[PDB]
Structures are given as structure tokens and as C-alpha cells.
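**Student:** Here is the input, now give the coordinates:
(2 chains, ligands or ions: 4)
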Protein chains: 2
Amino acid sequence: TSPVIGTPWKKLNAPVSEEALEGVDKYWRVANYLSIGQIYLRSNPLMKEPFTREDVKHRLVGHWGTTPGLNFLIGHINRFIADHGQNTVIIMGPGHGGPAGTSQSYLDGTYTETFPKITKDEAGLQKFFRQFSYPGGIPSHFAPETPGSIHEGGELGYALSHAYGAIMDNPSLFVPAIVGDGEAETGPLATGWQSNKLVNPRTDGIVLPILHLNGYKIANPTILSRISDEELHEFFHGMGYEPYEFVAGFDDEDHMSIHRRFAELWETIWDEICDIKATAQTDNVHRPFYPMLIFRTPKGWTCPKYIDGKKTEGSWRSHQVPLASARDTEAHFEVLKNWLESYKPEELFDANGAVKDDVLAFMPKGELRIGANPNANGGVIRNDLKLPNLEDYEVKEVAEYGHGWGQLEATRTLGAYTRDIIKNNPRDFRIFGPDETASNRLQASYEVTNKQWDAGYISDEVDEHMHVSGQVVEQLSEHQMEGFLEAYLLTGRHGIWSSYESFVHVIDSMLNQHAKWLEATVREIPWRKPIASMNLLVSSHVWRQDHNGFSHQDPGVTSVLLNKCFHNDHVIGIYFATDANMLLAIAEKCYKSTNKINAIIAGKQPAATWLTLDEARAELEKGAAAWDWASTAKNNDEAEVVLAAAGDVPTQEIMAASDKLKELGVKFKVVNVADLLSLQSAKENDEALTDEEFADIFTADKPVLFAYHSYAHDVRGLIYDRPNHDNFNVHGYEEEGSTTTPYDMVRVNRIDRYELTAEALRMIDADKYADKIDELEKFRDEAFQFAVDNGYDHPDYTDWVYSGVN
Amino acid sequence: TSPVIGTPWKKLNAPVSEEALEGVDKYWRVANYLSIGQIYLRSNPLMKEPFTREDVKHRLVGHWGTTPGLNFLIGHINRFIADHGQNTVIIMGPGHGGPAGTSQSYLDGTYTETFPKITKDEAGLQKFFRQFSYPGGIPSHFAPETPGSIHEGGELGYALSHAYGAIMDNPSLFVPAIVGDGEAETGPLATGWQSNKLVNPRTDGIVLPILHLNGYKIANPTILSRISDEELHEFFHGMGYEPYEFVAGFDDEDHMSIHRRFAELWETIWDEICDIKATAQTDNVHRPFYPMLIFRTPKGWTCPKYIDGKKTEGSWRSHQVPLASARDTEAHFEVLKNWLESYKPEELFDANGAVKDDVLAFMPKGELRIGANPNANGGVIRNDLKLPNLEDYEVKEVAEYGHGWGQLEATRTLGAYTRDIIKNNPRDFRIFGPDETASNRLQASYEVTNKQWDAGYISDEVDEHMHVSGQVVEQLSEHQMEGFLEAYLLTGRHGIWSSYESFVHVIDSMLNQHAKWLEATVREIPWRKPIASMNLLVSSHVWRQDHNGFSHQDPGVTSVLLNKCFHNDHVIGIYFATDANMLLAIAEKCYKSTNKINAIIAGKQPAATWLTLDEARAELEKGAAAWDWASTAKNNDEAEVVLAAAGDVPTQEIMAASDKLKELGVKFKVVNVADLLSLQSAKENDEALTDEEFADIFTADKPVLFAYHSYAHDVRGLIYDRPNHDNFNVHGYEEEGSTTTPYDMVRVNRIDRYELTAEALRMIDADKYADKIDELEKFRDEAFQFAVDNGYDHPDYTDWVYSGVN
Ligand SMILES: Cc1ncc(C[n+]2csc(CCOP(=O)(O)OP(=O)(O)O)c2C)c(N)n1
Ligand SMILES: Cc1ncc(C[n+]2csc(CCOP(=O)(O)OP(=O)(O)O)c2C)c(N)n1
Ligand SMILES: [Mg+2]
Ligand SMILES: [Mg+2]
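**Tutor:** Residues are numbered from 1 along each chain as shown, chains lettered A, B, ... in the order given. Ligands and ions are numbered 1, 2, ... in the order given. Sure, structure below:
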């Protein structure tokens, strides 16, 4: 559960003290000095003479155009957290301002705790300076290695979705979400503005969006900064916000004056937020206007105004590095030396090199710190889900009526299971879906919870299962759902989210980024505890898009997921639910797991059930298993072909083809691969099937016919070094489809039962079976003409039931 | 179910024709002429010469100060109903404007249909004129004998509650509720203004309040007319209305100019109403501002301006009768003759005396007429409730563990029964309660319906079971609830309403009025079909008001109900539920009944159960029955006393006293009277117990001890001519109570078990039982001192269970 920390939502009821703002100004100066020492210096952190070009880095990498503004906001937020005792997580949208975050971690004392070799003295300062963006050092962005970070910020557009996710079901947590003005042009964040219509001020926390409007992107100005102030305020008010505006640094006003003005503006905003929270305890049915801060400052605000006669401060020329070579001229080194001395570090550091005590007296202590906040490290919060007994949801008719029974929909079983998980776990488990929960048949959870909706209600003929609080969030944006769930998991909670297969590509970037958060975490960051897994139910898949057609058919999610399987990280799982029982086993395993991205590919269509629960779990631990009840060959020597399958429709076609093969006396084996990554190379993947086990499943000399859900490229690229891999003949999706009957969909991809039987016959003896092969091939065309003439699939195809049903 | 009539909520989308307003003016003139002929004329309706004082009534009775304004509004509403085809019921708040209603019934043709002897010619006009307020004629007010009337209007303050009741669950019905400005000063109607917060524009109809602000009461001006127009509009807007205002007749403007102006204003109001209705089909969660019309006119608007030098028109002098004696002077007769000729009746009537055809061409036809509308005669709409099987709700533990078992609450059984009646009958059965449904334990109906509430919603920690539509209405006003239910029944629907016993007095007037609507209906009005019964669950009665005390104890409802039992009308039923099974039988009988007021007095406290369902019904058909299982005497000769009871606490005390009497060998009988009115005189009440049956129940010579719920006066006034009535010793409530333990409440009223045993012993032998009587009397005082010392009742009293429990 999310803990209550400090004294949440308290008003100051006093002026901001002068001593605190003294401390805030000194903090800002020292944070800018650290952020510059990290970029430019490799030695001599405190500029003991001789300070020469020997002390400067050979290759200057990093960013400065956002760092002083971030340091300003972070120092003021630190004063605020010390004063109010607020439970606060900062989300840094422009993550390229990494030196700001590392300077915070260093100054609040958490960096030395996490990394003991970076001491708080001259040698520790030298190591801290050298390690930024260095061989064998720390990254340039706001990284998982950086304490106090739940968001990398490298790939832009997801500060707001992550903020609204982090506050969900989390009522005491305050999140200032700093948003770059260039990042605000990206598609994800524009729609992430509208997510205050999906949170409740009573049951969820408060997100304060700080638009960091410094006017410029890389080498280009931002649209928001160059439209009129009337337009900007009107725009933010049309999205349910009260815009506040702060402008600074565009004239010669004293810094103390700027800090004072910001103190007053910040406390005004905090009082509006506290009023909203206090009102929500009585009335939470009508939405408030949350304050949001527009923070207009010059880009690179403390750097030299002009360098080489080019406007540097207040321009895009300060984005990455002013003084691109302070190492190769004497004039640029003098500019750099003057820039470092303009902060007066001589008074901010003591003799031994530690930041002076009066510079950090205004700082929060203990669990209130940014790097120490448990919501930033959501693995220490996390507790296991309390799971219902799986045998309660098993489809038992397979156990007595025989394999292949029924016309059930696989995802309804997961719906019931997830409903009871929600029942056992309220306020820790949440279901997201881009308008598609009821189309993936996960609506059984409406028996115990509602869709959280905080826009207007109009009627009850149209607004069923909607409520101002709920455990089902549903907005038509995959970016929103994925950011919500990722921030939900990163804070310590659990969740599933469902989607159409073809639109998972919309978040290929986001998944990639999350994999990079996991790949980095499992490799080099032990102090970050495991978080829950990102569970993605992929349904309404390529083979059954009757209503939509070719635009909704693209199973390429498997390919993008296969690219993140390296160095024994195991941060990826791709599971194929052949039926409801296998889906139960997969979902149980996935809900128990940690630090992974689990894509469970299950169909919503009426499909037969093949396994019992014990059989399903037994197939699960191996990933691939032989179906002894479907095989006609007792041992590996007898079979004239191995028929392997991965996916519900490929499984159905393999089984129907096996029925026809039985009538011709063909001895074959039947294999089902539930988990794709078990087929990976044994030396590469230590949890994949060993080579002996793989050869036992697939006969070394005998041909293997493989029917696969996605593109066959993904199977062939995975088994390349496996034994008997030359004989594998993968049949997968082949970018051929439309709106048409279900048999046609598999016909045009050469994955129907007739084509599979003909493929197996050709693997054995093309000459002996020539007449039967011809008969099958002309039957495919007759059965297509049947669907054209009559509008539905052939009775031979529709009515087929496996021979193993009693 | 409420029928859909005509084409509801249709906009005209055209100007009001000139021909229609020609007709409206001619209608208004002829309606005023009829309303004056009724008051003043007994002969010569069309003033054929010689028109002399012979033609005038000897005793002029009736009212005129509201009649021409009512005729104006009714003629315009008639034009509106003809044009739009609206389902409309008019509620006439100032019911003393009876000639207006009878003139309408006469002019739209329904009066001749209902009363064939009032033809539409000269003789019929003469009879119509003479019969108003005459010996052997029709009443002065807007009476049940008057077609098109659901509201008498004699006793003021309930036009608005009746309107909002008539539109409930009735979505196509339009109700213009005409409200007198003096009547608006009464307490009931002031709170009946606020009832637009309890109706839904989608599921309920539309009430248009027309404030008939003619400035004067009887001999006094009204508060609303003499406050500023700003105040009046501000007041009506603070109650959720849009005030429209029409002013007429206060200058020399032409009548047509007034009819035209009213046509535009009326169509504007209708368009706002139609907009509200169309919006409600999409959004019904947010309350609209319903239009209401302020209709400022001079009182007695077409009468002579001055009579005897006194301002008559536009004054309170025109309330009842200008020209109080047009029979006793020649000058007043000339004033009357000029008044009648000012309407030019010579052109409004043909030779034979019928109203000319062009005067009524604009009139509605068929079912759309006011007197023909089925919602005015709610007995033709009515259908029986579909009732669940009673045996499903029986308390079966009495059948096997023995009589006297348990500590159940009686009203929870009725709650479950009513819940299933609601389930079987949605939109035809409704539960009302003055904030007291959950305190009478009728909340089992929240399993199938909600409280209808259309004010604001704030949270869900406080707003459970509330919804913009529902079958439970609940406002803290007994007037509101009773008017809602009475208009609900008068329109054809069914309902229960619950209340504390002591506050039923708040509606003694209203009940009286409804009884007068029923007494008149069952005697002389056959064409009015039976309506459902007014069912009043009286709970939280006098004997168990622990929290409240003396202010909440007044059982005087029985007395006011007994005053309406005359002439074999049977419009009253008073039932005492001794336990849950008897309550089931009573409620089943009451829900089946028609044209009655059924007061069911049941306790909400934990009380023992004495009867099985079959026994309860067997006691029910007789009203009084002997308990053979509790009697120690086999025949009427053996018993030395008869112990009779009526009420759950009196029943408990009789049974506990019978237990003590058994230990002393006393032979007694036990009688329970479920229905009070069976004890009435046989010759007076043909459905009461005959004299032989009464003597069989109560032994002729043997003393009878009667324990009664209410004041003993009510029992003694009922059995006065019955045999053995001299020996009856009634023990009832005696205005002695407080906040104290339950035994104390019956102690201070001489109705406890010890005092009852002593009473019975004194009836037999005071001398023989002197020691035992003394012991009982001092035990009462010891058991009171026990409660004073320890705070709860004696173990001898609390723990007592009947000896018949196995
Ligand atoms: C989607 C995406 N496109 C491009 C980039 C490359 N990039 C890195 S930083 C940056 C500019 C930062 O813009 P802004 O939000 O205005 O930041 P600031 O002014 O704080 O530097 C860009 C385009 C990116 N990170 N993500
Ligand atoms: C509660 C109540 N008190 C007193 C009366 C006696 N009464 C009969 S008519 C009347 C005056 C009518 O007043 P208002 O509503 O202004 O009627 P209008 O101006 O239409 O005559 C009164 C007081 C009554 N009917 N009801
Ligand atoms: Mg920018
Ligand atoms: Mg008046």
C-alpha cells in the first residue's frame, strides 16, 4: 500500500522566512557550480591555482540549456518540502538536464549513501565531476542510477502521464511535473494535459504541472513561447487548469528579489492546492481547476550572455554546451573561468571542500528527501498480490469431455480471475485500456469496481459502471495508458493493461524505454528493488479482425519485443495462450513476476480448450511441450513429421490438420510452444531450453512444420543455431488480409488446415501423395468459393470438432 | 401504468391563430356568464324579458373573487390543449372558485355526459344555474362531483404537493397548478415550492406553477402581492424557478390585446418547457429551472368597479359576493342586470339556449378534455398490484419453536414484502417518508430501488441509495409526503408511506380532507372508479420512544381516525399488528383494498412473535379472535376474567400477566383485537362483529380487562352499546411519559404486567388476593428503583420469555 509520509496538505500560515531564501539562493549557486563542474571539469574541482586547461575535460558532453532553471525549481521545492513536510516526488520531463538531478542527489546527502566512494570533500567532488558522461561513469540524463528518479526523460512526452500515474490511488503524494516547452509539442504530452479528467482529488494525489517555458528547443523556438500570453492562459484554462505565471531573469532584477517573488507565488499555489484537497474530503463529485505554473526563464540562465559574438544565454545556442572547446583556445578557457567564478564558489565550500553547513540548513531530512522518498524507489513499497486459488477458474469440461471441447472465449477467464484479484487487492491493482476493456472481454471486473471518470455525467442509460473513483481507467490513448501503468508500477503498485495487437506499435518507443529502465536496473543498480511487471494483454489479434480489416492487422509487437533479449536480463516475456487454462497459468506466473514486460497474446474469439490446468502449468515451466494425446508416434523415431504451434489459431489449424493426417496413417508428433523465448539459443539464454531438451522435443532428422502467430522472420531469427533448424518450415503472418470470413484470413496466409496438411505431405513424399495434395489444393479454392457464394465459412471448416471430444 | 396520451411535449412552431383567440375571448365571456348565473340566478337563464327579481336566488352563496381569473386561465389552457395535443390535468388551488370548474365541465361537454339531466339548452341551463350551492344540488367548491377534478381545494395549501405527486412516474402529463396568492401564505405550500428538487424531468412529468396573484385574501391583502417585484422574482429564482410575469386588467387595454399577449407569453413558456423535456432525454442528472407564471390580475376582474361607493373590483370586497342582496333592492338588481348584460350573452347563446358553435370550435375533443382525461379519474387507470406469495415472508419459527419466540422487529418483514412488491411493480408503487424510512426499518427496499434526489450530490461516503430517479421519496415534511401520496393514488398508482405516530397529527387536516373525498365518492359519485388505498404505516409509536421522550409521544391518531366512521362508508381502517405475521396479513389485505385510509400501527422494536400466518389471517377476517393456546378456561363459563389486547406492547403485557395468573390458578380467556372498527356497534357498522359473535368472544357476565395502545377514551366511545360493556376496564395511554427505560414507560401508564395482574385480581376478589396484590404493587416500585439504580430494566422484566416457547 502507498504510505502516508509527513504531514500532507498543510498550509504554511506564515511568511516565508528570509533565512530560508538565503539558503535557497546559496543552494541555487552551488547547484549551478556543481552542474558546470560535471560538464566541464575533470580535475581541480575548487579551482585551486593553478587552474589550467589541464583541468578541463577533453570531450565536453552534456546539456546546460535547462539545468539552471531546473536547479532553481528544485531548490525552491526543497525549501517547500522542508517547510511543509510534504510527500513529494519530482518528475523531470526534460531529462537531459541530468546534472541538475545529480547535483540534487549530491547536495541532499543521498548520493553519498548510495555511492560511498563519492565522498563529500575535495576528492569526492573531483570524482563526482569526472564521472559525469564519462567512460566508466554515470549517464548524461536523469537515470535509474540517479536517486530520486522514476522517469528517465530521454525520450520526450511522458512526464505528465507518469505524474498522473504516480498519484493514482496515492492520496498523500505531491508531484511537481516539470514539462519542457519543446516537449510540450510532442503528441503524447499534448493529450497528457487532459488527464486531470481521470483522477479524483480525494482518492488520488495532486499533480502540479510546471511548464518550463524557456522558449527554445534544440536550434529552434517553441510554439508555446511564441504565441500570445492570452492564448496560453486561455489554452491552459480550457484544459481544466488555473494558469499561474512566473517570469524571471529577463532583466537585471536582483536574485534575492526573484527568490522572494517565487516564494510568494509558490505559497499562493500551495494554498489553492490545499483548498482543493480540503474541499475534496467533503465534495469529490465536481472537478476543480488545478493550478499549473508557467515558468518563463531564459535558456541557460546563468551562463555568459555572449560568446563569439553570438547570443548564448536566452537562446538555443546554450542547449548542449556553450564553450564547445574550452580546451582548445585560451579565450574560451577565460570565459569558462569567469563563468565558474561568477557563482563565488569560494564562499560555498569550506577548506576541506564540503558544501558549507549554512548552504544546506534549509534542506529536508530523512524520508522526506527526493532521493530518499520511497515512492521514487517503488520496489521497497511493493508487496505481493494476494492471489485467488487458480483451480477455481479452471475450465473443467476438458477434464471429462475431452480435449478440444467447447467454443469459449479465452479472455473471459482472465476477466474473472482479474476481478477476484481486484476484490482481494483494492487500491493496489488497476486495469488500463485504450477504450478497449469491454472489447477484450475483461468486463467481469465491473462486478467489483467501476471505471474512474471525472468529467461530466449526463445520464444512466449511457453511464453504467462509471464512478469518480475506480480501478479501471480508460482513455483512447495508448500513450496515456502505458505511462499511467508504468508510473503505477514504478511507485509500488500492480496492474494489467489490454490492447488491440495492431496498436501496441503505438507504444514501441515507450516499451523500449521501459526495457531500458529494466535492463539498466537488473545489470548495475542493486539498490533499486524489483518493481512489479508491466503486464500487457494483447488481444483482438490479427487472425480475427472481422469488423476492421487490414488496417487493424499487424502482429509486429513480437519483433520489437525480441530485440530486448540480451545478456541474461530476462526483462521480456512473450507468452501465447493456446486456450483459457494456459492463459490462467500464464497470468498467474506473470502476476507473480517482477522487473519484466510480459506480453500475453490471447484471443477474444470463441476457441476450443485443449489443456487442463495441471497440463498447462506443466507446459509452462518448460515453455514448449509435446502433446502426447495428439501424437500418433510413440517415440521420436516413428514420426514422419513434427507439427509445432504457438498461438490459438495456429494451434487450431495444427490440430485440424493432424486429424486429416491421422486418416492417411501419417505418424507425427505434436508440439506446443507457450513461451517464445524458450526457443532462444541455449548459450545466449540460460533460462531457455537446453540443446538436449530441444532435440528431444524436435526430432533431429525429421522435418518440423511450425505454425506461428506473428511473422515467420521472428521464429527463424531465434532458432538459427538450434539443432534441426534447417528442417523447420515456419508458417506465419504474411501481410495478407482484409475484412472477410475467418477461414479466408488463414487461407490467404498459407496457414489454414488444408495448406498445412499439404505442407506436411510435401515434407514426406510429394510424389506418393500427389493426388491427395492436389485434392487438398482444389478443396481450398472450393471452400473459398463457398464463402463467396454463401457469406460464411464451409461446414467442413465451421463444424469441425476434434476427434478427442467425448 | 400511466398512459401516453396525444403527442406530448410538442412545440407549436407557428403563431397562435387569430381565430383561436376569437374563440378564447368568446369562451371567457360565456364562462363568466355561466359563473354568474350559477351564483345569482334560479330561473330565466338567458334573461328573456321580463327579467325580474323573481329570477334571482333568495340566498346568494358562492365566490367570485377568483372565478374570472380562473376562467381566463382555463380557456387559454383549453386553446393550448387543442393546439398541442397535450396530456394535461389542471389542479385548481383556490377551490372556492368552483363555478369556474363547473363552467368548464359544462362547456367542454363532459358535464352532460356525466349528468344527462343537465342538457345543453335553456331548461338544462336553468337547472345548471339553480343547482349550484343549493338544497339537493352541487357543492360550491371544485368537488369530486365535478369532472376533471382531483383536488377539492377547500382546505388550502396542497395544490403544489398534489401537482408534484400527479406527475411522479408520469412522464407525458402536464400539470398547470394554479396557486392562490393567499394560499401561498400557508405553511404547506411554502414548502411545496421546493419539490422540484425531488422530481426528474426525464422520468416524471412537468408541473407549471401559476401563481394567481390577485392581491387579496378574504378581507386582507396578500404578502406576496405587496412586496417589490424584484423581491418576488428573486424569491422564485432562489427556489429553482424561472419567473415569468403577466399583468392584465389594471387599465383600459382591449380584451383581445390581453388574449394575444397571453398567447405569446404562454407559447414562450411552453417552448422553455419543451426544451427542458428534450434536454432531459439526453441529460437528466443536472436540474433545470422550470418556468413558473406569475399571473397578476384584479380580484373579481369583470365585476362592477364600484358598488355602494365601495371599491369592489380589484379589492377584497369581491371575494364571495358583490351584490349580497340583489333580491332586496331595485338598485342592486339593476347593477346585477347591467353586470350580466356586459358579457353580451345575446350573441353567445342560440335561440334554443345552447352555447353557439363558433364559441367552442377551438375546444379539445375526446380524451384530451379536462373532464375526460383519465388522470383526473384515476380509478379507470388503476390495476391491481402483482403480489408476491405471502408464505415466503412468514416468520416460521413460531410454527416449530412455539408462540412467543424471538426478538424480531415487525417492520423488517414489511420491508422485505414491500421490496418484492416494488420489484414486481416498478413505476406503479412508491414509498414516501418524512425522513423516517430507515428509522422505521423499511430500508430493505434499497435492494431494488433508490431514493429519488435531484438536488446536488457531493460524495459517496454520504450519498448511498440516492439517485436522480427512484421509488422512495423522502423529504422532512409530512404535508409533502401525504400530498405526494394522495395525488399518486388519485392518478391510478399505489403507495405506502411511513411516519412516527406522534407526527401523524401534522396531517390530521389532510387525512380529514381525503376522507371527505372518499366519503363523498362512495356515497353519491358512482362514475368515479375506486382508487388505491392511502396506506399509512404508523411506527416508532408511543411506548418505545427512548431517544426522544415526551415530545414524541401522542397516539391521538386513532381518535381522529375514528371520527370518520359513519353511514357504512368503510373508508377507514385501523389495524394493530401484534407481530410480524399479523403485519403480513394486514399489509396484504391493505394493499389489495380500494377507497380507504388504512392506518397500520406496528412497532419497530424487538418484539416476540405470537401467531402463524394462517392464524393471523384467521384473526384478520374477524378483527377479534380468542387465543385458545393462551386461555386456561375451555369454555366461556370457566373463565374468571377475559384479557383482551390491541397492540404489540399491550399484547406483550397481557401475555406476561397471563403467565403470572396461571401460577395462581386463575381461569381466564385471552382475546386479541387486530382491527379496531370491528368493535363498533353492529347496527351502525354492518361489517363490524355481530352482537352474538361479540358476546361469544367476551363473556356476558365476566369482567373484561382491555389493554389498549391509544387513549382509553377511544375504546370506551366505541363499545358503548355492546353487551358486557359495563365490565370492560380499558387501560390505555395516559399522557405520562419521558425518556426512560421501556418498563418505566408502561409503569407510569398503569399498563405494565404487574399492574394488569393486580387489576385482574381485583376484578375477581380484592379480599382473597389482598396479600398477592400488595406484593405485586410493592414489586412494581422495587423494579422501578432497580432501573434507577442500575440504568436498565429488571431481569424479571427483560428476561421474561413466554412459557409456550420450546
Ligand atoms: C521524442 C523525442 N524527439 C526528439 C528528442 C531529442 N531531444 C532531446 S532534448 C530535445 C530538446 C528539448 O526540448 P525542451 O523540452 O524545450 O527542452 P529544454 O528547453 O528544457 O532544453 C530534443 C528534441 C527526444 N528526446 N525525444
Ligand atoms: C387553511 C385554510 N385556512 C382558511 C381557509 C378559509 N378560506 C377559504 S378561501 C380563503 C381565501 C382565499 O385566498 P387566496 O388563495 O388569495 O384566494 P383568491 O384570491 O383566489 O380568492 C380562505 C382564507 C381555508 N380554506 N384554508
Ligand atoms: Mg525549452
Ligand atoms: Mg388572492
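**Student:** Break chain A down into its domains, please.
**Tutor:** A:1-397, A:398-623, A:624-806 (curated CATH domains).
**Student:** mind listing the helices for the stretch 651-800 of chain A?
**Tutor:** A:691-697, A:712-716, A:742-747, A:753-764, A:770-790, A:795-798 (DSSP state H, counting those that start in this stretch).
**Student:** Could you do the stretch 151-300 of chain A as well?
**Tutor:** Using DSSP H, counting those that start in this stretch, helices in the stretch 151-300 of chain A cover A:159-167, A:187-192, A:229-238, A:255-282.
**Student:** With mean neighbour count added, can I get those helices in TSV?
**Tutor:** Just so you know, the C-beta spots here come from the backbone N, C-alpha and C atoms, and that holds for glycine as well. As requested, the helices of the stretch 151-300 of chain A are arranged in TSV below (neighbours: other Cβ atoms under 10 Å in any protein chain shown):
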stretch	mean neighbour count
helix A:159-167	30
helix A:187-192	20
helix A:229-238	14
helix A:255-282	17
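**Student:** could those go into a markdown table alongside distance to ligand 3?
**Tutor:** Formatted as a markdown table, the helices of the stretch 151-300 of chain A follow (distance: least, Cβ to the ion, whole Å):
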| stretch | distance to ligand 3 |
| --- | --- |
| helix A:159-167 | 13 |
| helix A:187-192 | 13 |
| helix A:229-238 | 14 |
| helix A:255-282 | 19 |
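**Student:** circling back to that earlier point, ligand 1: which of the helices of the stretch 651-800 of chain A is closest?
**Tutor:** Relative to ligand 1, the nearest member of those by Cβ to the nearest ligand atom is helix A:712-716, separated by 26.2 Å.
**Student:** what does that closest one rub up against?
**Tutor:** With contact meaning Cβ atoms under 8 Å, 6 or more residues apart in numbering or on different chains, helix A:712-716 is reached by A:558-559, A:562, A:676, A:679, A:706, A:708, A:728, A:730-734.
**Student:** Quick check: residue A:28 vs residue B:13, distance?
**Tutor:** 69 Å (Cβ to Cβ, to the nearest Å).
**Student:** between these two, who's got more neighbours?
**Tutor:** Neighbours per residue (other Cβ atoms under 10 Å in any protein chain shown) separate residue A:28 from residue B:13, with residue A:28 holding more: 22 against 7.
**Student:** which residues touch the residue nearest to that one when sequence neighbours are not counted?
**Tutor:** Among residues not flanking residue A:28 along the chain, residue A:75 sits closest, at 5.0 Å (Cβ to Cβ, 6 or more residues apart in numbering or on different chains). Applying Cβ under 8 Å, 6+ apart to residue A:75 gives the contacts A:24, A:27-28, A:31.
**Student:** Pop out the phi and psi values for the residue in the stretch 551-700 of chain A positioned nearest to ligand 3.
**Tutor:** Per Cβ to the ion, residue A:560 is where the stretch 551-700 of chain A lies closest to ligand 3, at 30.1 Å. When read as degrees, to the nearest 10, the backbone of residue A:560 gives phi -70, psi -30.
**Student:** quick one: contacts for the nearest residue to residue A:522 once chain neighbours are set aside?
**Tutor:** If the residues on either side of it in the chain are set aside, residue A:522 comes closest to residue A:569, at 5.1 Å by Cβ to Cβ, 6+ apart. Contacts for residue A:569 (Cβ under 8 Å, 6+ apart) come out as A:518-519, A:522-523.
**Student:** Now that we have the helices of the stretch 651-800 of chain A, can you turn them into a markdown table and tack on mean neighbour count?
**Tutor:** Below are the helices of the stretch 651-800 of chain A laid out as a markdown table (neighbours: other Cβ under 10 Å):
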| stretch | mean neighbour count |
| --- | --- |
| helix A:691-697 | 16 |
| helix A:712-716 | 19 |
| helix A:742-747 | 22 |
| helix A:753-764 | 22 |
| helix A:770-790 | 14 |
| helix A:795-798 | 14 |
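**Student:** Same list (these) but as CSV, adding distance to residue B:192.
**Tutor:** Converted to CSV, these look like this (distance: least, Cβ to Cβ, whole Å):
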stretch, distance to residue B:192
helix A:691-697, 82
helix A:712-716, 74
helix A:742-747, 64
helix A:753-764, 75
helix A:770-790, 67
helix A:795-798, 66
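**Student:** looking at the ones you listed, which is closest to ligand 2?
**Tutor:** helix A:742-747 (75.0 Å).
**Student:** host element of residue A:573?
**Tutor:** strand A:572-576 (DSSP states H and E).
**Student:** that older thread, export whatever helix or strand the residue nearest to residue A:28 lives in as CSV, just CAs?
**Tutor:** For residue A:75, the element it lies in under DSSP H and E is helix A:67-84. Extracted C-alpha coordinates of helix A:67-84, given in CSV (Å, rounded to 0.1, in the frame of the first residue of the first chain):
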residue,chain,number,x,y,z
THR,A,67,19.9,22.9,-16.0
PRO,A,68,19.9,26.3,-14.1
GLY,A,69,16.1,26.5,-14.4
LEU,A,70,15.8,23.0,-13.0
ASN,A,71,18.2,23.9,-10.2
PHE,A,72,16.0,26.9,-9.4
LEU,A,73,12.8,24.9,-9.2
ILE,A,74,14.4,22.0,-7.3
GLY,A,75,15.9,24.3,-4.7
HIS,A,76,12.6,26.0,-4.1
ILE,A,77,10.8,22.7,-4.0
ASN,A,78,13.3,21.6,-1.4
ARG,A,79,12.6,24.6,0.8
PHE,A,80,8.9,23.8,0.4
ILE,A,81,9.3,20.2,1.4
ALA,A,82,11.4,21.2,4.4
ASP,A,83,8.7,23.7,5.5
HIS,A,84,5.5,21.8,4.9
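**Student:** Can you list the buried residues in that helix?
**Tutor:** A:67-84 (16 or more other Cβ atoms under 10 Å in any protein chain shown).
**Student:** mind listing what the following helix or strand past it pairs with, with the direction of each?
**Tutor:** Going down the chain from helix A:67-84, the next helix or strand is strand A:87-88, by DSSP H and E. Each strand paired with strand A:87-88, and its direction, by DSSP bridges: strand A:173-180 (parallel).
**Student:** residues touching whatever residue of the stretch 251-400 of chain A ends up closest to chain B, list them.
**Tutor:** Nearest residue of the stretch 251-400 of chain A to chain B (Cβ to the nearest Cβ) works out as residue A:283 at 4.0 Å. By Cβ under 8 Å, 6+ apart, the contact set of residue A:283 is B:458-459.
**Student:** Pull the distance from stretch A:652-664 to the chain's centre.
**Tutor:** Relative to its chain's centre, stretch A:652-664 lies at 41 Å (Cα atoms, centre = their mean, to the nearest Å).
**Student:** For that stretch, give me every contacting residue.
**Tutor:** A:404, A:607-608, A:610, A:630, A:632, A:641, A:643-645, A:668, A:670, A:705, A:707, A:746, A:751-754, A:756-757, A:760-761, A:769, A:772, A:800, A:802-803.
**Student:** Show me which of the residues you listed are buried.
**Tutor:** Neighbour counting with 16+ other Cβ under 10 Å marks A:404, A:607-608, A:610, A:630, A:632, A:641, A:643-645, A:668, A:670, A:705, A:707, A:746, A:751-754, A:756-757, A:760-761, A:769, A:800, A:802 as buried within these.
**Student:** With adjacent residues omitted, what lies nearest to residue A:393?
**Tutor:** Residue A:393 sits nearest to residue A:417 (Cβ to Cβ, 6+ apart), 5.1 Å away.
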